[PDB]
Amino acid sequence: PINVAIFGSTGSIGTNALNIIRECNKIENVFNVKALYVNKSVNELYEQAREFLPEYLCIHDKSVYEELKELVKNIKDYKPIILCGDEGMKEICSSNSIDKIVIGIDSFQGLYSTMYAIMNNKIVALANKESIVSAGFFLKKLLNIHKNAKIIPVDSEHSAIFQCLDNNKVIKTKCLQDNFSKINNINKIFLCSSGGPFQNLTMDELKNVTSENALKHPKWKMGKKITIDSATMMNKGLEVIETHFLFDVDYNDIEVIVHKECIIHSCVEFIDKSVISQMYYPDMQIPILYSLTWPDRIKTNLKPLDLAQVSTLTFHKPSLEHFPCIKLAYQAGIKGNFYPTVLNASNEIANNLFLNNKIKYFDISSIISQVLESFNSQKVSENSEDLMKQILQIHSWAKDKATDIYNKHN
């Protein structure tokens, strides 16, 4: 059986992880949900605890610790280990009764648990792309020390690229490892995108778009943060960098492609020019499941893809003029160093400002552009400990700088 832990179990990813796990278990008892971890959603967590009965429960907000223990106490025949915050998170990561950990925690915050899951040589099903954009080089170093740890991508596009690769070569290397794309004969990557809701707007129409126009979609809900990045397409920009680090693919070899039907989740072009792609309805259950079964696949009762029904699939190149955040991602990525870290931190700020109606669409990229321009490359620390505090320091600085540029009312 596969002993899994779900970090950010109450979120979009966490819930979909639990859904797909619940269904597969009806066919055969393969997954054992050993630990659930969230920030402050104590009631929802309590509901999940009741169903799955994980040996471990962890709430990051220590101020709702008693409430949690008080609710859980109402579940008959159940004596789980209830922990709190960082220490609680680290306690779960070091347990020997846990093999894989799904990181469904959003934002920079997700980096901490990703880091500890790796330090404990676990298999990390990573959905939190911010961890790889702000600490890509750091995660690669960390993975070179804890050689049994692995980062299996959950982000649908990267899961797609991962699935397209021949596992006979994948097994001979590992995500984030040097020469990954060379060992897999990777020539180029077609990074597919839904295009977001503003994809067909003219410049004048984009100028006045709002966060209310961009948030709601109809296949499944996602966090507000990622929903907004999807709108500005900064999501795909962050995903370009994530692709670079995860598969050691050069930036001039990643092509963003807008595929509005979202059936083809991404394609991989090999050195002979043949192209392999992964496809299915826009659902996160597949990428999450594959991250937990790889290198194997298991039966599910998901609705089969009906191509005749879908009938049409379209492709076009995004306009960098309308979606300038994509260009900024490439530039920060190509500059390397801590620019990707600055890009992400300043976007967290610009993103939230837009969400809360504080700035307009183009102010988002402008703010981010200015922070990237202000930052000066720093010598990359030699050991992980210092490199970590450096990433944190630069992250905080980029955010204060973004806020500052904004505070001058731009």
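The first residue of the sequence shown is number 1, and the count goes up from there.
Exercise. Which has higher Cα B-factors on average according to the PDB entry: 369-377 or 40-48?
Worked result: Stretch with the higher mean C-alpha B-factor: 40-48.
Exercise. Which has higher Cα B-factors on average according to the PDB entry: 68-76 or 103-111?
Worked result: Comparing 103-111 with 68-76, the higher mean C-alpha B-factor belongs to 68-76.
Exercise. Which is it among 153, 340, 85, 195: the one with the largest CA B-factor in the entry?
Worked result: Highest C-alpha B-factor among the listed options: 85.
For this session: Using the entry's values, work out which of 242, 229, 272, 205 has the largest Cα B factor.
Result: In this record, 205 carries the highest C-alpha B-factor of the candidates.
For this session: Sort the modelled residues of this chain by their C-alpha B factor and say whether residue 399 lands in the lowest, middle or highest third.
Result: Middle third.
Exercise. How does residue 296 rank on Cα B-factor within its chain, lowest, middle or highest third?
Worked result: For residue 296, whose C-alpha B-factor we compare with every modelled residue in the chain, the answer is the highest third.
Problem set entry | Chain-wide C-alpha B factor ranking for residue 139, given as lowest, middle or highest third | Residue 139: CA B-factor falls in the lowest third of its chain.
For this session: Select lowest, middle or highest to describe the third in which the CA B-factor of residue 344 falls within its chain in this entry.
Result: Lowest third - that is where residue 344 ends up once the chain's C-alpha B-factors are sorted.
Exercise. By the record's CA B-factor, is residue 314 among the lowest, middle or highest third of residues in the chain?
Worked result: Answer is middle: the recorded C-alpha B-factor places it there.
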